[PDB]
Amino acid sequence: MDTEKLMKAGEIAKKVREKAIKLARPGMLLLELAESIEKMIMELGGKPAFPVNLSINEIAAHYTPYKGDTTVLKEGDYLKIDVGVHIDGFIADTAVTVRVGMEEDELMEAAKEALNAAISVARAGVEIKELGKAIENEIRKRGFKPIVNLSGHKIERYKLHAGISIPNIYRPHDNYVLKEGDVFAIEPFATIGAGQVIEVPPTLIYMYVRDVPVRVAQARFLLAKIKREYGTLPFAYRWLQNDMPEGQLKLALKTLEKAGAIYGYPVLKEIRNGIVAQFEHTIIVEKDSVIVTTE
């Protein structure tokens, strides 16, 4: 339950994130970018907490390339790089928004500053809604809209989403009190849209949740793999594309999802297709202050 492991993951995450920004150049194939980042995490002695998310513009999050993905980077693209690393279950969840081949603009500044704002107020004994207020005001005061159905979350060993959120808006009932030992991921999301995300195809990220009886053999076999190799952490569709043909893989996945054996994470898009910016850091709450493990 190490602060070292948490910190180690934190520094690793940072390293691969900063590099990801330099590679995020126009003409860069999303697929290549992804496998470079993930490859860099292991070379550093870490493990992906989840497949690196690469979301462009209106696409808010939960997008990761796949084998055969032709999606390529171009100048002006508001690319959100959400990197996740874990050391023996100790996670580090961070992200940045880079507008390919250009500089940071207002929208991006809103999300970033929102983050900085939230972090500066984060202290043991402080109610989560305080962070929310801080975040919302940094985004709105800049004329943008926070995304209401996407927020930070408490993080625990081998558990990305611990069950306590940090909304990007102020809510009178978010009265949970930050305490020493708590690990949270603060990820303010800002957009020029309505400020709400929706589910849309395809489904490129999944996660094991429950071991349930499965009739079909191939599906049953896959479930066992997912469980054994990906445990209780999200995995990418891409990571399994070398296991079996496309047709069979999709069916298997589809079945397991149906049986309620695994969770499917469809790509999230702004409800008005408004460009979306996101900045995220992981923090550890201590007695006198918080520690941003990923800055």
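Start at 1 and count along the sequence shown; that's the residue number. Throughout, rigid core stands for the largest set of C-alpha atoms superposing within 1.5 Å between the two forms.
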(message) If the other structures are each fit on the rigid core, which stretch ends up farther away in C-alpha terms in 4 other deposited structures of this protein, 13 to 21 or 281 to 289?
(response) 281 to 289
(message) Test of understanding: from the entry's C-alpha B-factors, which stretch has the higher mean, 35 to 43 or 241 to 249?
(response) 241 to 249
(request) State which stretch shows the higher mean Cα B factor in the entry: 206 to 214 or 112 to 120. (result) 206 to 214
(message) For the CA B factor values reported in this entry, which option in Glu104, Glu180, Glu187, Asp93 has the top one?
(response) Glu104
(message) For the CA B factor values reported in this entry, which option in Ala236, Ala49, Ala259, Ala60 has the top one?
(response) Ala259
(request) Relative to the other modelled residues of the same chain, rank the CA B-factor of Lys74 and answer lowest, middle or highest third. (result) highest
(message) Where does the C-alpha B-factor of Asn53 rank in its chain, lowest, middle or highest third?
(response) lowest
(message) Taking only the Cα B-factors deposited for this chain, tell me whether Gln196 sits in the lowest, middle or highest third.
(response) highest
(message) Ranking every modelled residue in this chain by its Cα temperature factor as given in the entry, which third contains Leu23?
(response) highest
(message) Ranking every modelled residue in this chain by its Cα temperature factor as given in the entry, which third contains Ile271?
(response) highest
